[PDB]
Amino acid sequence: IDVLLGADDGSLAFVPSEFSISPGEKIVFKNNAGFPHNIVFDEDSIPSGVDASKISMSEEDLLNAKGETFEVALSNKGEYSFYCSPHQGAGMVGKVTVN
Ligand SMILES: [Cu+2]
């Protein structure tokens, strides 16, 4: 599944922000508008036992230019909440379910 970082109207959003995938499926996050952006999985809101650092950018890492990507595939089943760290309070958050 492809996910935009920033909407085409400049809104600070993942598009889509809620979605489901199958184990081993890739998510390609693509820097779109309103960047810099990143994608950070909330270590307390992903399935037990998953290493957030295997699937996340650090909060200090940024995609600063249009078209840059971060790709990650998730295997373990369950709900994963994530956010863009500089835009989290503006509402740039999401949740992917692996089912
Ligand atoms: Cu952002």
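Residues numbered from 1 in each chain as written, not as in the entry; some residues may be left out. Heavy atoms only, no water.

Looking at the entry header, you'll see X-ray crystallography listed as the method and 1.08 Å as the resolution.

A. Inspection of the sheet that holds strand β4 (residues 25-31) at higher detail. The mixed open sheet is built from four strands, whose spatial order is β2-β1-β4-β6. Each edge of the open sheet carries a strand with a single partner, namely β2 (14-15) and β6 (69-74). For strand β1 (residues 2-5) and β4, the ladder comprises four bridges, and the chain directions are parallel. Its bridge partner lying in β4, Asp 2 is registered against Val 28. (Pairing = 2+ DSSP bridges. Helix = DSSP H or I, 4+ residues; strand = E, 2+ residues; numbered from the N terminus.)

B. Molecular detail of the sheet that holds strand β7 (residues 78-83). Spatial strand order, β3-β8-β7-β5: four strands in an open sheet with mixed pairing. The open sheet has two edge strands with one neighbour each: β3 (18-21) and β5 (40-41).

C. A look at the UniProt feature "domain: Plastocyanin-like" in the protein. In the numbering used here, UniProt assigns the feature "domain: Plastocyanin-like" to residues 1-99. As a span, residues 1-99 carries 4% helix and 37% strand, and end to end its C-alpha atoms are 14 Å apart. (UniProt positions renumbered as here; feature names shortened; annotations may be inferred.)

D. Spatial organisation of the pairing of β3. By the alternation rule, side chains of β3 split into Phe 19 and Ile 21, which are all buried, and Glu 18 and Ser 20, of which none is buried. One ladder, built from four bridges, connects β3 with strand β8 (residues 93-98); its direction is parallel. Within the sheet, the bridge partner assigned to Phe 19 lies in β8 and is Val 96. (Buried < 20%, exposed > 50% of the residue type's maximum accessible area, 1.4 Å probe, protein only.)

E. Spotlight on the UniProt feature "binding site: Cu cation" in the protein. Sites flagged by UniProt as "binding site: Cu cation" map to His 37, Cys 84, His 87 and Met 92. Spatially, the listed residues are clustered: although they cover 56 residues, their C-alpha atoms lie within 9.4 Å of one another. If you trace the backbone, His 37 turns up in the loop between β4 and β5. A relative accessible area of 0% means that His 37 is categorised as buried. Not counting residues up to four positions away in its chain, the partners in contact with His 37 are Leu 5, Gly 6, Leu 12, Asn 31, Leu 62, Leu 63, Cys 84, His 87 and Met 92. (Contact = heavy atoms within 4.5 Å.)

F. Looking closely at the nonpolar core. Judged by nonpolar contacts, the single largest core of 24 residues is most densely connected at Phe 29, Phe 41 and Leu 74. The contact partners of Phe 41, leaving out residues within four places of it in the chain, are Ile 46, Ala 52, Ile 55, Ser 56, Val 72, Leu 74, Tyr 80, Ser 81, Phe 82 and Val 96. (Core = buried A, V, L, I, M, F, W, Y, C linked by side-chain atoms within 4.5 Å.)

G. Molecular detail of the environment of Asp 9. Secondary-structure assignment places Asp 9 in the loop between β1 and β2. Classification of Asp 9 by relative accessible area gives exposed; the value is 63%. Placed 19 residues apart in sequence, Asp 9 and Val 28 show a C-alpha to C-alpha distance of 20 Å. Polar side-chain contacts of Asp 9 include one of 2.7 Å to the side chain of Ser 11. (Polar contact = N/O pair within 3.5 Å; in protein donor to acceptor, adjacent residues only side chain to side chain.)

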